[PDB]
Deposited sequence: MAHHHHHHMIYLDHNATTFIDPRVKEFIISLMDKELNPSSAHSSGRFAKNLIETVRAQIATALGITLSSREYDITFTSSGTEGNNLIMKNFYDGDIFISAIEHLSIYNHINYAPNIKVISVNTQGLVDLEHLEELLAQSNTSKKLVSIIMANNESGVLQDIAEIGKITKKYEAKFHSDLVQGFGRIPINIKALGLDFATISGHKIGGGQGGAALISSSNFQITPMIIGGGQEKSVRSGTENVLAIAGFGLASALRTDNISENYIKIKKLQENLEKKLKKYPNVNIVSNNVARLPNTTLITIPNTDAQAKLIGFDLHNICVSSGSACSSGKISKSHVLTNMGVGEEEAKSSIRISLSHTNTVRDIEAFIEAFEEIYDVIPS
């Protein structure tokens, strides 16, 4: 009976990924060990390193990019941000908190504004970059927004960052494995991805980085990940992450079409009600995320309504606030976020609950 429509918060482990993780669960896995068990573990994580590379359109033997395994997408975002505290940082107004909250710590960080549809103001970006006097610069702009699904024109942004010789990072967490991504083509120096949001289970994630930039570690010790990130590698999670990346990439088209049809179905139904606003309705979005506002309702209350109907959705909001949405309306938002495993029946169940919870 429980209907899960909150896939942007996390999703379940893909059955094929599950089977693979289980097959490895009786083993001792320390990649730093010189013996046969250790070498087996090391080979697993290097196989994953190549799987992630392939998924992002890059070739590791080219030694143009490095891949550093982190415990989480949050960790990877912190790692790249802290590497530029000694320079000028520029971030979109709609970053995930793992980038955004560095406003409270970084010595020189500026927020690039967005318009009322959530798109980065490229003129404001140029202005900010032109005013900077430090040669070490980082621009960080979320490809696909976790609240609204709004997509930024990363390739265009990258032309601007290259013009001012800024390094360019994008948080890819909500885009990876849903829409095609070629890091080199986009002109990114850095990128963050996370395993649990793509069905690889928790504990696996990565920061991808240009090889002509030396990342300084946050976490020191045994020298894992070429001394960029110490601690015994989470081999099972890394293994899951790799397999989920390869599966999502190989089936990206079939999954895209399936999810997109559910979204079109859901959104055609929602527009039969008054007072429902789809956030970023007029600009490119992910095929899986529908964020709505419903003025003069309190999302905290309505979410309890959903949970009592056995439906898992969520709310958000700095994102809506920075888009120019008023406080009351911002506290009314509901996010429905889909997976390729969702069905037409899930959507219908959501709609029947919606009508009851909103009395319409």
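According to the record, the deposited residues with no C-alpha atom in the structure span 1 to 7, 324 to 333, 378 to 380.
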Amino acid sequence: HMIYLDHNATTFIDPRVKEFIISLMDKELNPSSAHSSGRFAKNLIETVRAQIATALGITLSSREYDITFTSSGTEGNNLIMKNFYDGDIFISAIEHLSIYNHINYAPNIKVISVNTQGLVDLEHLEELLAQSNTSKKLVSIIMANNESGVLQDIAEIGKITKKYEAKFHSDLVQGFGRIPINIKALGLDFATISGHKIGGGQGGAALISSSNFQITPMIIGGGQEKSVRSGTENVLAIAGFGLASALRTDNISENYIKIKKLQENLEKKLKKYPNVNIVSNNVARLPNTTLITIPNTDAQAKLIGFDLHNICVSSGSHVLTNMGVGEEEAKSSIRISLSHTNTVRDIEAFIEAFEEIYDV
From here on, numbers count along this sequence of modelled residues.
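For the pair 351 to 359 and 4 to 12, the mean B factor over Cα atoms is greater in 351 to 359. With 306 to 314 and 37 to 45 compared on mean CA B-factor from the PDB entry, the stretch scoring higher is 37 to 45.
For the set 207, 122, 172, 198, the PDB entry assigns the largest Cα B-factor to 122. Across the residues 192, 146, 202, 211, the deposited record lists the maximum Cα B factor for 211. Split the chain's modelled residues into thirds by C-alpha temperature factor. Residue 156 is in the highest one. Ranked by C-alpha B-factor against the other modelled residues of its chain, residue 291 falls in the lowest third. For residue 176, the recorded CA B-factor ranks within the lowest third of the chain. Only modelled residues enter the ranking. Per the deposited record, the Cα B-factor of residue 323 falls in the highest third when ranked against the other modelled residues of its chain. Among the modelled residues of its chain, residue 166 has a C-alpha B-factor that falls in the highest third according to the deposited record.
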